[PDB]
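Colleague: fold the following.
(chains A, B, C, D and E, ligands or ions: 5)
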Amino acid sequence: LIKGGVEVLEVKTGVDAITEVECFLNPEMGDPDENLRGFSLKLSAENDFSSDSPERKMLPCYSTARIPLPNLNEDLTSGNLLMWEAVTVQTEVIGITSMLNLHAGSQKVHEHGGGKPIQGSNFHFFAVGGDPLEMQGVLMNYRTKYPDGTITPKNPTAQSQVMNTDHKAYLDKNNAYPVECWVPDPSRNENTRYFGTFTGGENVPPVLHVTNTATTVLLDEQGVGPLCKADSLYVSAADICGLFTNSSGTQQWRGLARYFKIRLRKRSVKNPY
Amino acid sequence: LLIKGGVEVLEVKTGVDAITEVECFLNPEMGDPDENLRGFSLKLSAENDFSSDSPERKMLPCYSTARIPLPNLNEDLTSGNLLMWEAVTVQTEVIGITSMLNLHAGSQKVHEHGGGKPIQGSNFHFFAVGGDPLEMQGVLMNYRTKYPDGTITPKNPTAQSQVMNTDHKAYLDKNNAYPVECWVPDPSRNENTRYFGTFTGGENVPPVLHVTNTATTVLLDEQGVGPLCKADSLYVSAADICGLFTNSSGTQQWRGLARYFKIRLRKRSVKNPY
Amino acid sequence: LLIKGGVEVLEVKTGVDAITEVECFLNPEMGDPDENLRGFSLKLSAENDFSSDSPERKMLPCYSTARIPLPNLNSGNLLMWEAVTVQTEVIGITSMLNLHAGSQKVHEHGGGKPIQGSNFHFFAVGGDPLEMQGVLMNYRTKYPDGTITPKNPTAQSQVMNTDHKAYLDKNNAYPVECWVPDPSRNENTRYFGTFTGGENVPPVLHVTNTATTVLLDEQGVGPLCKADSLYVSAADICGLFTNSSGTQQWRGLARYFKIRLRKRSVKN
Amino acid sequence: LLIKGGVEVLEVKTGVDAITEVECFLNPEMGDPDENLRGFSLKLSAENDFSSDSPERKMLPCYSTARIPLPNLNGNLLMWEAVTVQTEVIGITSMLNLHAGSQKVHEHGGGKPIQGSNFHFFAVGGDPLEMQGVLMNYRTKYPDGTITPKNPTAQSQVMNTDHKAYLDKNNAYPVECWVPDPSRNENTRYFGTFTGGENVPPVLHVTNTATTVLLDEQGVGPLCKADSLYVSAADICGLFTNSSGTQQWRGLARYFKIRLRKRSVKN
Amino acid sequence: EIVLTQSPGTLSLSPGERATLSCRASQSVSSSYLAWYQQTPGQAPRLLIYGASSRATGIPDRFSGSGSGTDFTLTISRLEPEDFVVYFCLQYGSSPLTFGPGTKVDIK
Ligand SMILES: [Cl-]
Ligand SMILES: [Cl-]
Ligand SMILES: [Cl-]
Ligand SMILES: [Cl-]
Ligand SMILES: [Cl-]
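Modeller: Numbers count the residues shown, from 1 in each chain, chains lettered A, B, ... in the order given. Ligands and ions are numbered 1, 2, ... in the order given. Pasting the structure now:
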């Protein structure tokens, strides 16, 4: 049984064989001033495909964090070594009720009406892995001029609007990889589990569930979860909840933090060295 | 080797009177600005500057909570094993969902000669059952919002309070005080509470509500242990914002409804911690 | 050692004549203001002052109910019929494909507007009348003669007022807008309801003779039919019909029930 | 003592050629007002007086039905027993034609998709489908060539138990007049979904991996009387909108693949 | 009719100070249907508070109302120069609607 270039043995089952790690991962929506953390810059519209230069602060990016884990190995010479194995994840979007604020800055629905709810296109994505998330580049418009501080498909062609296998990246930097340029790569991610739902449309209602009773199993068909290489766990997220509408009709992406609670167990592996 | 709420958990007690049921109707706290419009908020303001956003107290729906006292099971508190009430299941639904079929009272006509406008728009349906008060995390649309006297809202808010600021921790320890728009259940805590919430946002979102006395939610965790009632107290919490009511003028008010709870409890043996 | 409806429950009687089936088509009670538009309410008024809200009787849909007599029982132990399963569906859902009769054109040259908007689909099966809790949009509503509505209502009647308890003991009397099934009671009834509110909500209705709902509780005991009587209750407001004028009327449909019952030994 | 449709049911025959599969493509009956627009109704009239409601024959979609003859079987007598059905709506992708005759969504836009009220229904039985009549308007004057509730009253708009029919003729029973009767159909399995509304999106699934089991609680499927299997359908996908704004029902064919087995019966 | 009395007749305070204005009713005001109005010379009345404690659309948060039955209070938390004008209470719990005689706020 081989998982991530290491031969996998039995689950270690002593007293302290299980641990939980947690993280609140903040969203990277563009943060156009110091007061509008969790929002993008207002959306430009109707750029020519030949002259499409989005502002850095207008582009939501994938969030990621490396969680350091306890050293398990007295030495790295023993016949069998121990690796942390991610078994389950509890995750939800944090602050969903903040969208019940219809008094701050949102366009009235009609004369005498309350503010317009956040609504429109949304993307809810999370990944748990023992390596950085691996991503594939796809563009709406290959001729888009992406701004300084973003990492986007290099030397893009017309093929970059469909599938161009040149566009491979690691989610190896926070607030750098624009959500519109990158998806999780199903051809890779042997040591990562990812889950994403895209809901597109002008007036799409956000639908978000919270519960501390829901658990996602991270074990593969062979009963093996992500194995944490160099005692490191990777969490990744994108939680674009929809568009906020100012009194003018201008629209901004609104994002929310994602909570992760990951259950880990000690897995015996054959020493590769 | 089961530890649940800083106490070692032993076997389920198998007697005749080992099971009990408690029930509560929890009223909604939508703001109730007018003594005749109980269950409604003050009309919604719109288009406040982010720099000058001062919502009226009675415009802000708040979380509801009730502490349910339970019979003391321990004649003695020195015994090697002690007894705690364990919440096993909850039957819950929103009460009065058919009241929204009144389209004659005060709702704007849908068009000339039409009936009144149904309640619709953003809704939130939330309930929790625990052996401790519900633990909450603060998140704000606008960190610069000036919340009014009589609300408990995130203290010393910053720009980070619009995403995740781990300073904003509260117990749901007061009725009609914690605004729904400021607070969510905290998934990093609530070790001894089970919570369930759905937010549906949007201008014209239809309310969808189910009632049945045949549906049960299991409160047991992966280890088969439900919430354990510390100091013989069970906590029930709710927020049921059904949508917006539209007056003939076009003004909008949150409508909320009561939530019923029926909690099945059993006697759980635990190790004496003292 | 099981008490269910103030009676001790014993073993199920077995054999061929231990099972019976009862069935009923329960007509909807939408108001029927006109002898030709059975299944429709009076047109909806709008924009009444909360202080002066006096709805017309025939504008108010009511809960439907029927008492179905069962075969007489009563040897060593007393016997009651125990409801095990119900098969149920809304009857005539395809009648909403009539877009030629009286419905406002969707646009110039277009067909009639489909029935749509707020809907409520509810049924109950019990050995007693359905027990109901009163909740009002407006506690000051002046309900008309021929309706049974919350008595001595207060502001609290718009949220939860535990004074408002009723038995669904009369057909075409209890307005749907005033009453819900009471989850604090109905020990001897199983009820199921879905409310879908909104201006333009599409009706979504399923038919199949392959679906059965189990009426047995956690203890494996179904409703026990006191005085050899089964109670069926329904509300099936499908949505609003729009006339050429823009006036709106509730449209309701009948609900079919087929209940399988078995003989249950009981002791006082 | 197992009785299903006035016949005593014995063991399933466990031979080599004890299983057979039958299939049918059943065409929709939307009205077909001209020979070029097969699968469409006549345009919808609107705002007829309830007292003067005379729909055109070709405006009324009807239930589709066919009798499938089975191989003749006849120690104990044998009947074909329907065990499973695989079924789907055929030509769902034809609705991606937004260039032919559909009203532009806006200036310079593509044609309007088919959308609005839809009904998706199928039945498999060993007898013709049994139906109950219900009317929007009991005073509707139904045209020649339709079979509709006879001697209707105000009660026919709710439940009138007089309105019982067999689906015994193709392109005759209007969908708007008739529903499957849950008080009968002991020897039929039926499944229907109605989705009503102006802008309802058609949502249709195709897969050759999905099977519906036709066996009842006792493990007995429909028993094919007189070596006949009955398939019934209504697949109104929504309304097509012409450039004028006139609307026509669009229907599509339904495929049925029914697995049958030899069942020993008495009488 | 219900008679409303207002106290004081004139309130003399500095900019930045807290103003407390009293309205007393001859009998209980049904549903706490008591409104507060500001009037600047040459203008129509301007609603501050309705239902005793509900702040009207667009009114600054320094204005608040409290009380029930016969005793009602308007509070201006921090007086601005534009606030030194006339204030009237209105009861609409009983027909006919009746106003108090007013309170003038002057710069000390
Ligand atoms: Cl690249
Ligand atoms: Cl805080
Ligand atoms: Cl009452
Ligand atoms: Cl007939
Ligand atoms: Cl302003």
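
Colleague: what's the local residue count around residue 97?
Modeller: By default, I'm working from chain A. Applying other CB atoms under 10 Å in any protein chain shown, we find 27 residues neighbouring residue A:97. Using the backbone N, CA and C atoms, a C-beta is placed for each residue, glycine as well.

Colleague: ah, I was thinking of chain E
Modeller: Neighbour tally, residue E:97, other CB under 10 Å: 13.

Colleague: name the nearest residue to it, ignoring sequence neighbours.
Modeller: residue E:90 (6.3 Å; CB to CB, 6 or more residues apart in numbering or on different chains).

Colleague: same thing with residue A:231?
Modeller: Counting by CB to CB, 6+ apart, the residue nearest residue A:231 is residue A:69, at 4.4 Å.

Colleague: may I have the phi/psi pair for the one you found?
Modeller: phi -110, psi 160 (degrees, to the nearest 10).

Colleague: check residue E:55 too.
Modeller: Per degrees, to the nearest 10, the backbone of residue E:55 is at phi -70, psi 130.

Colleague: which strands or helices does the helix or strand hosting the residue nearest to residue E:97 pack on?
Modeller: Per DSSP states H and E, residue E:90 falls inside strand E:86-91. Packing partners of strand E:86-91 (3 or more CB pairs under 8 Å, 6 or more residues apart in numbering or on different chains; DSSP states H and E): strand E:4-7, strand E:19-25, strand E:34-39, strand E:71-76, strand E:98-99, strand E:103-107.

Colleague: rerun that using 10 Å as the cut-off
Modeller: In terms of contacts (3 or more CB pairs under 10 Å, 6 or more residues apart in numbering or on different chains; DSSP states H and E), strand E:86-91 is packed against strand E:4-7, strand E:19-25, strand E:34-39, strand E:46-50, strand E:63-68, strand E:71-76, strand E:98-99, strand E:103-107.

Colleague: related to what we said a few turns ago, counting neighbours, what do you get for the residue nearest to residue A:231?
Modeller: Residue A:69 has 19 nearby residues by other CB under 10 Å.

Colleague: same question for residue A:115.
Modeller: 25.

Colleague: that one: what's it in contact with?
Modeller: Residues in contact with residue A:115, defined by CB atoms under 10 Å, 6 or more residues apart in numbering or on different chains, are A:101-109, A:244-247, B:44-48, B:141, B:252.

Colleague: ok, residue A:123 next?
Modeller: Residues in contact with residue A:123 (CB under 10 Å, 6+ apart) are A:60, A:179-180, A:183, A:196-200, A:238-242, A:253, A:255.

Colleague: the residue nearest to the spatial centre of chain E and residue E:48: what is the separation?
Modeller: For chain E, residue E:36 is the residue whose C-alpha lies nearest the centre (CA atoms, centre = their mean; 3.6 Å). Distance, residue E:36 to residue E:48, by CB to CB, to the nearest Å: 4 Å.

Colleague: quickly list what's touching both of the two.
Modeller: E:55, E:56, E:59, E:63, E:64, E:65, E:74, E:87.

Colleague: could you give the number of residues near the residue of chain A found nearest ligand 4?
Modeller: The minimum distance from chain A to ligand 4, using CB to the ion, falls at residue A:205 (44.5 Å). When neighbours are counted by other CB under 10 Å, residue A:205 registers 23.

Colleague: can you confirm it is in a helix?
Modeller: No. Under DSSP: H, G, I helix; E, B strand; the rest coil, residue A:205 falls outside any helix and is assigned coil.

Colleague: who touches it in this structure?
Modeller: The contact partners of residue A:205, taken as CB under 10 Å, 6+ apart, are A:117-120, A:122, A:199, A:242, B:121-123, B:199-206.

Colleague: can you name the residue of chain E nearest chain C?
Modeller: Nearest residue of chain E to chain C: residue E:31, at 9.6 Å (CB to the nearest CB).

Colleague: name the SS class of that residue, please.
Modeller: In terms of secondary structure, residue E:31 is helix; the call rests on three-state DSSP.

Colleague: how far away is it from residue E:59?
Modeller: 21 Å.

Colleague: chain E contacts on the stretch 51-200 of chain A?
Modeller: Within reach of chain E by CB under 10 Å from any CB of the partner chain, the stretch 51-200 of chain A has these residues: residue A:112.

Colleague: ok and the residue in the stretch 51-200 of chain A nearest chain E?
Modeller: residue A:112 (8.3 Å).

Colleague: the stretch 151-273 of chain A now?
Modeller: Nearest residue of the stretch 151-273 of chain A to chain E (CB to the nearest CB) works out as residue A:247 at 13.5 Å.

Colleague: how about that residue: what's its closest non-neighbour residue?
Modeller: residue B:47 (4.4 Å).

Colleague: buried ones among the contacts of residue A:123?
Modeller: Buried subset of the contacts of residue A:123 (neighbour count, 16 or more other CB atoms under 10 Å in any protein chain shown): A:60, A:179, A:180, A:183, A:238, A:239, A:240, A:241, A:242, A:253, A:255.

Colleague: residues in contact with the stretch of helix or strand residue A:9 belongs to?
Modeller: Assessed by DSSP H and E, residue A:9 sits inside strand A:8-11. Applying CB under 10 Å, 6+ apart, the external contacts of strand A:8-11 come out as A:1-2, A:17, A:79-83, A:85, A:87, A:222-224, A:227, A:265-270.
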